[PDB]
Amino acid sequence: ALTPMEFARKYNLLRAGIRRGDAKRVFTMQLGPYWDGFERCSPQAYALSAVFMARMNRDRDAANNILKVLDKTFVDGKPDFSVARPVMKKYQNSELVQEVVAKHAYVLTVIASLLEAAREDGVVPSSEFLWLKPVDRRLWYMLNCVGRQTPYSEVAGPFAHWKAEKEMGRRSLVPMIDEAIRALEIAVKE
């Protein structure tokens, strides 16, 4: 993961000081797509959302079966994310899942709160899905920041928006990433 300074240099954000308008665009692009149905998600976000929904509904067998298939099919190919389809169909309209999806407007902030909610059922460490680091580094870092106070710079945008939706008490389509800008500005000032 990049250092704040390494991140600022990579995206040409040094004006020290920060190019704030540029940093706003970078962090907004980091935030990724609106949530508008799990079938529009990436296969890896779809499958892991299904694991977390299963755990929230105390279906440990279904959650573990997805994770075991993704680990085994990763041995010699891409993880077979399609195995998650029946678990998604079973739980995407369940009361506990609807309650979490209600609170967040972006794929990345929805799935962060699904992981947080799944950890009410037990431990769900990222060591359960190590294949995610080569498959989708951004989602990997985001999920590994669930439960942390400070994010990696490469997910500071969606992390900030996630916390802002919690603070506001509602989902927000308008990006709320100002805490990422403030944090990067402070870390850059050495």
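Residue positions are given as counts along the sequence shown, with the first one as 1.
- Task: Check the entry and tell me how many residues of the deposited sequence have no coordinates between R15 and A16: none, 1 to 3, 4 to 9, or 10 or more.
- Result: The entry leaves 10 or more residues without coordinates here.
- Query: Comparing 115-123 with 80-88, where is the mean C-alpha B-factor higher?
  - Reply: Between 80-88 and 115-123, it is 115-123 that shows the higher mean C-alpha B-factor.
- Query: What stretch has the higher average Cα B-factor here, 161-169 or 44-52?
  - Reply: The stretch with the larger mean CA B-factor is 161-169.
- Message: Comparing recorded Cα B-factors across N57, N144, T28, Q149, which one is largest?
- Response: Checking the PDB record, the top C-alpha B-factor among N57, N144, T28, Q149 is at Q149.
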